[PDB]
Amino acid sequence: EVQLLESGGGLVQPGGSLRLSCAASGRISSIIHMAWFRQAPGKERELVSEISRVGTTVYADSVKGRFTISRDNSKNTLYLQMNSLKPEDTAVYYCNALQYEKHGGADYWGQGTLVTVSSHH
């Protein structure tokens, strides 16, 4: 198993910024794809960004240019810098890790960290 511990969310105004963190531990594969997903009311779970060990990245079209995925490997930590936040970015954000186990792929989940972007909290 890989345990994923998220932090960094909270309340912010439109145009604001937040940085999420995801600390990984456990039996982490040499080939591991790390991702941020989000779940909002009225929408399906959505991939936000992903990074491979060599640093290739992908972004959802709706966050391109505004969000940046990053790492501090000395802490086994994945980050998501969110800039220029919009109300439609409100969601629970999850850390995810995708690697093989003996029987097949495993998609490990963090707990989630809530991000609420609003002018009228």
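The numbering used is simple: start at 1 and walk along the sequence shown.
K.L.:
Split the chain's modelled residues into thirds by Cα B-factor; is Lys75 in the lowest, middle or highest one?
P.N.:
Tercile = highest for this residue's CA B-factor.
K.L.:
What third of the chain does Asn96 rank in for C-alpha temperature factor, lowest, middle or highest?
P.N.:
According to the entry, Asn96 has a C-alpha B-factor in the chain's lowest third.
K.L.:
What third of the chain does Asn83 rank in for C-alpha temperature factor, lowest, middle or highest?
P.N.:
It belongs to the middle third of the chain when residues are ordered by C-alpha B-factor.
K.L.:
Should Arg38 be placed in the lowest, middle or highest third of its chain by the C-alpha B factor in the entry?
P.N.:
Lowest third - that is where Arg38 ends up once the chain's C-alpha B-factors are sorted.
K.L.:
Test of reading the entry: by CA B factor among the chain's modelled residues, which third contains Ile32?
P.N.:
Highest third of the chain for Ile32's C-alpha B-factor.
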